[PDB]
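Participant: Protein chains in written order, with the authors' numbering: chain B, 47 to 803; chain A, 48 to 803.
Ideal Cβ placement from N, Cα and C applies to all residues, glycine included.
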Ligand SMILES: CC(=O)O[C@@]12CO[C@@H]1C[C@H](O)[C@@]1(C)C(=O)[C@H](O)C3=C(C)[C@@H](OC(=O)[C@H](O)[C@@H](NC(=O)c4ccccc4)c4ccccc4)C[C@@](O)([C@@H](OC(=O)c4ccccc4)[C@H]21)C3(C)C
Ligand SMILES: CC(=O)O[C@@]12CO[C@@H]1C[C@H](O)[C@@]1(C)C(=O)[C@H](O)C3=C(C)[C@@H](OC(=O)[C@H](O)[C@@H](NC(=O)c4ccccc4)c4ccccc4)C[C@@](O)([C@@H](OC(=O)c4ccccc4)[C@H]21)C3(C)C
Ligand SMILES: *[C@@H]1O[C@H](CO)[C@@H](O[C@@H]2O[C@H](CO)[C@@H](O)[C@H](O)[C@H]2NC(C)=O)[C@H](O)[C@H]1NC(C)=O
Ligand SMILES: *[C@@H]1O[C@H](CO)[C@@H](O[C@@H]2O[C@H](CO)[C@@H](O)[C@H](O)[C@H]2NC(C)=O)[C@H](O)[C@H]1NC(C)=O
Ligand SMILES: *[C@@H]1O[C@H](CO)[C@@H](O[C@@H]2O[C@H](CO)[C@@H](O)[C@H](O)[C@H]2NC(C)=O)[C@H](O)[C@H]1NC(C)=O
Ligand SMILES: *[C@@H]1O[C@H](CO)[C@@H](O[C@@H]2O[C@H](CO)[C@@H](O)[C@H](O)[C@H]2NC(C)=O)[C@H](O)[C@H]1NC(C)=O
Ligand SMILES: *[C@@H]1O[C@H](CO)[C@@H](O[C@@H]2O[C@H](CO)[C@@H](O)[C@H](O)[C@H]2NC(C)=O)[C@H](O)[C@H]1NC(C)=O
Ligand SMILES: CC(=O)N[C@H]1[C@H](O[C@@H]2[C@H](O)[C@@H](O)O[C@H](CO)[C@H]2O)O[C@H](CO)[C@@H](O)[C@@H]1O
Ligand SMILES: CC(=O)N[C@@H]1[C@@H](O)[C@H](O)[C@@H](CO)O[C@H]1O
Ligand SMILES: *[C@@H]1O[C@H](CO)[C@@H](O)[C@H](O)[C@H]1NC(C)=O
Ligand SMILES: *[C@@H]1O[C@H](CO)[C@@H](O)[C@H](O)[C@H]1NC(C)=O
Ligand SMILES: *[C@@H]1O[C@H](CO)[C@@H](O)[C@H](O)[C@H]1NC(C)=O
Ligand SMILES: O=C[C@H](O)[C@@H](O)[C@H](O)CO
Ligand SMILES: O=C[C@H](O)[C@@H](O)[C@H](O)CO
């Protein structure tokens with residue numbers, strides 16, 4: 047190609063491990079090479095073939111980004127989306143470390159996690175956006191770094207996903223050939239057509255952080271880029287990833303991401319998954335085929351040895367040889383695809399439940415409050431919505447990927463979304479249970495209508511008879527979405543529209559709580575004065591109720607803020623966010639460039655209902671004394687691995703990630719109660735066609751009492767004030783005035799100053 | 048798009064600006080239009096008086112070798128000739144001498160020097176000889192010192208010609224005479240120049256002229272991106288008056304103004320020659336400007352700023368407290384001006400000696416197989432009309448040295464043709480000086496100075512004379528002039544046939560060339576009968592006496608070439624001279640910064656003689672290259688400052704600060720004493736950069752055999768900078784800079800690396 051494959055060298059932290067992988071790979075025969083480099087049958091989502099002669103075992107690759115999927119004896123962690131709404135780096139890390147402990151203890155070698163910027167968030171309808179974090183390169187980047195580090199700090203290799211520009215589910219069109227029908231014969235995958243500036247500034251940003259953390263592996267995506275399959279795109283894999291980001295680890299296909307044998311082998315793919323698993327229905331392009339291609343001379347053997355060095359580097363780095371993971375005991379594929387019995391192991395540790403609850407309490411985001419919260423001691427409480435209670439069939443009734451219950455089933459509290467990113471629950475702590483516990487301590491009465499208000503005989507009349515005398519009425523709403531489809535619009539799931547219409551008819555103190563994978567349409571009720579409060583709780587995992595109720599009653603003040611923009615209409619967002627076509631070669635031209643989510647809204651002067659980084663507290667905060675400390679710089683010492691990203695200011699002993707200055711401000715608690723506050727920093731980088739403002743810092747001040755002040759600090763790296771030059775092929779700091787802005791949301795920025803290089 | 052910045056006097060003109068501003072505040076509108084446009088008089092241009100306020104007419108006078116068209120002066124060597132000395136002391140002394148003569152003849156404003164237009168995009172440019180080096184850095188230095196020399200005498204300078212004025216062909220000055228108008232035939236050549244080329248190449252020497260304190264700048268005849276230079280708002284209001292912070296006046300060239308209002312809004316200050324020369328060269332201001340101001344289409348405050356700029360120089364040079372004496376010569380000529388001339392002799396003791404010293408220091412030895420220096424030859428032959436006088440007299444060719452007949456034997460080429468020539472009180476011919484020396488040695492000497500192709504018996508004379516000569520000198524010339532480019536490199540007159548004859552009948556031919564530029568000597572340069580070749584450029588009045596001491600070894604040659612001598616015209620920058628009859632003729636400067644040696648170095652072309660080449664009667668060894676990063680210093684001594692933006696500007700900083708110095712050692716490693724010009728080149732890193740760029744020179748005088756001397760090259764911030772088109776400032780790029788020191792642009796035995 048224009049774009050050859052560089053040999054791994056282990057880079058910074060993996061040098062000893064690389065040396066060991068190389069010795070090992072040097073001893074391997076050609077058939078052994080093809081064994082490790084492709085999937086085999088087993089209990090985990092994927093499993094690499096052993097090298098039995100050299101004592102290298104099968105590796106278990108296991109979903110997913112909330113913790114091991116399809117296993118018992120584990121915990122159901124909150125989604126990436128939930129942890130992002132915390133804006134709390136300490137929780138991002140702790141979440142990942144805790145997940146990591148469960149992956150390791152269940153016997154997993156390679157976790158298929160985290161989601162580090164694919165999907166990032168170009169459409170708010172993406173059915174899997176929830177697995178990610180923030181709709182913003184900088185914040186996604188930070189969360190990715192910590193998610194990768196928490197996982198690797200436990201025993202577990204990571205597979206950061208999905209590289210790259212994987213921004214819609216519709217027409218993702220994975221390769222499958224089952225019962226005589228092949229995707230190849232119907233429609234090729236969505237092609238993301240992305241300019242060079244958009245790729246560096248937007249989509250590669252989080253991956254760069256994931257490498258720096260360093261992820262052991264990267265999963266390539268289902269989409270094509272510029273009409274070439276991501277999994278065999280030489281520019282993407284060989285040049286952008288293995289050269290500019292200097293990635294020393296392995297590229298793993300997504301399951302059905304590999305569409306051909308030879309292009310994938312020359313153009314950057316290291317591991318073909320799932321290979322013989324899943325009946326070979328997702329393609330099985332390597333294995334014996336790859337042996338035959340090497341021996342008949344059409345694929346370089348040395349190219350394939352490199353693939354193996356990259357897979358083994360992880361094994362040796364994480365010490366899986368000298369401290370092997372225990373046996374993986376659960377059948378996670380499911381019968382009749384795999385007929386194999388499951389054992390049982392319990393890996394739930396003390397502390398985990400309390401961590402999941404803490405993330406919940408730290409993320410719930412308060413969007414409207416007219417004075418009804420915090421609750422005092424209300425004596426008569428009504429509760430509406432099947433979201434307040436259990437799945438009528440059991441918390442795990444929807445099966446191994448939380449997606450198999452009937453279209454009209456009452457799924458109960460939405461604690462995670464559908465797909466390969468879900469996990470099972472040992473229990474669900476329901477909002478109704480936790481409210482009732484509180485009602486009981488206050489000698490109060492509480493009643494819930496949890497039926498489908500449209501279809502259950504008597505439900506509407508039960509609601510009308512219950513609500514008028516309630517002191518407060520909680521309505522729980524939800525909006526399930528899942529991998530493999532995008533949401534068609536912002537409509538609430540189930541009967542939620544109906545429930546809202548009945549609620550505001552019969553009560554003047556409606557508190558609304560939404561469990562959701564993404565933005566929903568609340569335009570019909572949001573300005574109704576009967577709705578005194580609105581909170582979004584995202585996807586809380588198993589501790590749904592006990593994390594929400596302390597916030598409602600004021601034991602702690604809400605402190606979560608939105609990790610994406612909540613527009614009034616789907617029409618306000620980036621146009622053509624989801625392309626639907628029956629064309630053989632479907633096309634998505636990313637013509638918006640870097641302008642996604644809030645940058646789109648700010649550029650077009652569109653006012654969202656709730657902006658990026660919005661969230662209320664039970665107190666108020668005053669910002670003061672913006673300082674730009676030009677003397678507070680520091681060499682980037684601490685990364686696990688280094689990129690080779692070029693940049694104008696390079697010399698011998700220099701980095702794109704050096705801190706070039708630090709900025710400070712002060713916040714004062716100006717209300718009547720203690721609260722935490724998420725401070726945000728935005729920079730306006732000069733140049734043509736630049737976003738109005740780009741997030742470049744956040745800092746969460748915890749439990750700031752009434753009248754007290756605290757200083758927030760924002761280290762600014764060289765990259766943070768840089769632009770990608772498409773003409774030179776490098777990062778540079780533009781000349782001009784940069785506006786530095788600090789405050790409580792993307793549109794609530796009382797403090798501003800100018801910085802010039 | 049580009050508003051006109053008001054003058055403020057800047058650095059050294061503050062007190063003069065204040066006086067200027069005051070006088071102009073009192074002027075009526077008619078007085079404003081009087082001072083800002085040309086009137087009739089004895090000098091090349093004359094501003095109108097403002098007689099109520101006691102401001103006299105100012106005399107603007109040609110040209111860059113001294114006051115043109117006067118008697119009683121000396122003929123100085125041309126720009127080209129002083130450039131070949133590579134000697135800053137002589138660059139300054141020459142200017143200071145010209146200045147003294149300018150002042151003493153009555154000139155307020157000298158139409159001098161030439162400071163980077165023409166710079167040298169074509170080696171055929173008919174007026175390239177008026178300038179100095181085909182190189183921005185060296186032209187820069189020469190420009191600075193020439194301005195300084197002229198201003199230190201009583202004279203205001205008009206540095207010229209701004210800008211990108213790189214061919215005479217289709218220069219197409221404005222003229223309307225006997226009913227035919229240039230405007231109806233052809234617009235001027237349009238120099239289309241990209242932004243980096245303009246900053247890195249063409250503006251360089253003008254920036255130096257600004258810093259030196261030039262009082263004014265003359266806009267050129269060409270257009271730039273299809274807009275006339277004298278009404279180019281990007282050129283005059285932005286590039287010159289903003290980025291270069293120029294506080295003085297912009298004077299039109301004579302016929303350079305094509306309109307009334309665009310010129311007044313876009314940065315012109317002085318319309319010349321106005322009523323002069325029969326108003327034939329347009330007369331767009333004057334009473335027309337008065338009318339434009341009165342009816343409100345031209346702002347009066349705008350015009351007051353023109354007038355301020357003109358008067359600042361008057362007051363700065365103290366021309367009110369010490370006025371020049373009256374100008375007494377008719378330099379325009381009858382019938383255009385019928386006015387009698389008086390007489391003044393301004394030639395001072397020491398000027399003839401200075402003119403001789405520049406010739407001796409500039410003559411450049413290109414080849415020597417062992418015939419030079421002469422010892423005491425007994426039988427000397429001399430060929431060529433270049434060896435003696437113009438058969439009609441040194442000044443027969445008139446006020447611009449350009450009116451003799453195409454076939455006239457003009458004798459020794461001491462200056463070129465045009466507005467930058469000057470009259471001579473005498474010519475010391477090469478033949479007279481050779482004879483004087485022959486007579487000391489008791490020798491015989493005979494000269495064949497007729498036209499060897501056209502005069503009965505010349506060929507047979509040459510054939511009978513040369514076989515018995517111990518040495519044959521052949522004197523060659525190539526005349527060129529303003530208003531035309533040379534069609535090719537061929538020698539003037541009978542020169543080719545002279546050379547064919549000389550090498551047929553003699554095996555010791557020493558060739559001396561007097562020339563405005565590169566010539567074609569391919570047919571003879573490698574003939575072993577030609578034992579030496581020297582180029583003496585345009586030596587002014589002391590042609591013979593400057594040359595003969597060098598030939599006989601009283602002093603070794605020390606001159607080196609100020610431009611590249613390629614083997615063929617095809618080896619230079621393509622499209623150097625565009626020839627078309629198109630109404631809007633175009634010259635696309637696609638070569639960018641790559642002119643003269645930069646072109647040759649980038650295309651892998653070997654010249655016959657490289658830029659900065661010249662032999663000595665001895666040899667030099669270079670050693671011990673030192674880059675002293677500790678030897679830095681603040682820019683303190685400029686007369687005026689620019690406002691050129693640069694990335695490293697803080698409060699109290701300059702683009703002209705010395706950031707480091709380089710040193711090297713030279714050893715005279717031959718058998719005779721000699722002077723050496725050491726040169727420094729720097730390879731600035733980046734995209735499409737020249738291989739090498741001159742960034743210094745230092746001439747060591749008369750180094751004795753076996754002796755060593757240290758050569759010193761201060762390096763300014765601008766000297767290692769690149770212009771960023773994206774950011775619109777100068778920056779020092781990152782990467783490795785190669786620093787090379789040596790005797791020519793292709794003989795660089797020392798090199799080292801500097802990274803910042
Ligand atoms: C297509 C697909 O994604 O399959 C995989 C198996 O590896 C893929 C990765 C994926 O993350 C995984 C494990 C999941 O976890 C998904 O959540 C997941 C899916 C999205 C789902 O896939 C779909 O709904 C497909 O659109 C659907 N596709 C089609 O029917 C189809 C067939 C031919 C041409 C074009 C399309 C399908 C349904 C059932 C079996 C295979 C394919 C299958 C699948 O059973 C799950 O699929 C299987 O368990 C399975 C696949 C093939 C053979 C036997 C079992 C699914 C679940 C768990 C429901
Ligand atoms: C055209 C031109 O450059 O004229 C000037 C006068 O100011 C100009 C500046 C220039 O430096 C100056 C003084 C010179 O010194 C030049 O060396 C110089 C010239 C270049 C020369 O001009 C030319 O040869 C022109 O190409 C020539 N041009 C044309 O004939 C012509 C006519 C109509 C349309 C287009 C072109 C010309 C000859 C004679 C008189 C006017 C113009 C005129 C001129 O006589 C000299 O011109 C005059 O003395 C003069 C001009 C106009 C009317 C009367 C006298 C010349 C000399 C001294 C010979
Ligand atoms: C290629 O991979 C397969 C599957 O991992 C290896 O076969 C397994 O070998 C292990 C020992 O490491 C046995 O306990 C399993 O029974 C085998 N599984 C099956 C399905 O046969 C196989 O040995 C590997 N081949 C090579 C050449 O190393
Ligand atoms: C309950 O969960 C089930 C899945 O476990 C949801 O049913 C899927 O809904 C999507 C819409 O997002 C459809 O595209 C699928 O066809 C449904 N799956 C099946 C197997 O039918 C269901 O919508 C959820 N219930 C509610 C009220 O939202
Ligand atoms: C405009 O300028 C002209 C020409 O310089 C001035 O006329 C001359 O005035 C001087 C004194 O400054 C006299 O000695 C000359 O006799 C005049 N010459 C001619 C040709 O008339 C004129 O005075 C100026 N106009 C103004 C308003 O100052
Ligand atoms: C002549 O035209 C060129 C070509 O447009 C001009 O160069 C541009 O200058 C501006 C600054 O004024 C830059 O932002 C552009 O990038 C330049 N383009 C190139 C290709 O160099 C130049 O300024 C014009 N010169 C004049 C005197 O008008
Ligand atoms: C002697 O000088 C005269 C000028 O005074 C030269 O004649 C001019 O030559 C150019 C070509 O270089 C012609 O375009 C002009 O038309 C000529 N001028 C006149 C007035 O006829 C002449 O060429 C010189 N003699 C030699 C031998 O070079
Ligand atoms: C620093 C430099 O040399 N830049 C280029 C310049 O072209 C400019 C520049 O890229 C920028 O401001 O955008 C304008 C408008 O598109 C563009 O013209 O000039 C030369 C042309 O001689 C480019 O090739 C340079 O690379
Ligand atoms: C200042 C100037 O002369 N010209 C432009 C200007 O439009 C732009 O704002 C600036 C950025 O600093 O750079 C140049 O591209
Ligand atoms: C608010 O609720 C009351 C019943 O409590 C009802 O009478 C009224 O119509 C409701 N208002 C709106 C705007 O829905
Ligand atoms: C100069 O005198 C001549 C007569 O020899 C005449 O033709 C011409 O017009 C006069 N010139 C001027 C400018 O008056
Ligand atoms: C050199 O000169 C001699 C006369 O001395 C002549 O015979 C010979 O042909 C000439 N050689 C060349 C190469 O012109
Ligand atoms: O894209 C889906 C998931 O991210 C991936 O982990 C595999 O498909 C295995 O289920
Ligand atoms: O361009 C020619 C000369 O440089 C200039 O000084 C004037 O034209 C006056 O003769």
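Would you verify that the beta carbon of residue 231 (chain A) is, or is not, closer than 8 Å to some beta carbon of chain B?
Facilitator: no
Participant: Quick one: is residue 278 (chain B) buried, meaning 16 or more other Cβ sit within 10 Å of its Cβ, or exposed?
Facilitator: Around the beta carbon of residue 278 (chain B), a 10 Å sphere encloses 16 or more other beta carbons of the protein chains shown; the residue is thus reported as buried.
Participant: Taking Cβ positions only, does residue 247 (chain B) come closer than 8 Å to chain A?
Facilitator: no
Participant: How is residue 193 (chain A) classed by DSSP in three states: helix, strand or coil?
Facilitator: helix
Participant: Can you tell me the Cβ-Cβ gap for residue 262 (chain B) and residue 179 (chain B), rounded? I've got them flagged as a contact below 8 Å.
Facilitator: Going by Cβ atoms, the distance from residue 262 (chain B) to residue 179 (chain B) rounds to 20 Å, so no, they are not a contact pair.
Participant: What are the boundary residues of the beta strand (DSSP E) that includes residue 743 (chain B)?
Facilitator: 740-750
Participant: Would a check of beta-carbon distances place residue 783 (chain A) closer than 8 Å to chain B?
Facilitator: no
Participant: For ligand 11, is there any heavy atom lying closer than 7 Å to the beta carbon of residue 382 (chain A)?
Facilitator: yes
Participant: Give me the residue from B:415, B:545 and B:198 with the minimum Cα distance to residue 573 (chain B).
Facilitator: B:415
Participant: At least one CB of chain B closer than 8 Å to the CB of residue 675 (chain A): is that the case?
Facilitator: no
Participant: Can you pull the chain A residues whose beta carbon is under 8 Å from the beta carbon of residue 697 (chain B), in chain order?
Facilitator: 781 and 802
Participant: In whole angstroms, give me the CA-to-CA distance for residue 583 (chain A) and residue 433 (chain A).
Facilitator: 12 Å
Participant: Using a Cβ distance threshold of 8 Å, determine whether the region 315-329 of chain B contacts the region 286-294 of chain B, with at least three qualifying pairs required.
Facilitator: no
Participant: Does the Cβ-Cβ distance between residue 713 (chain A) and residue 647 (chain A) come in under 8 Å?
Facilitator: no
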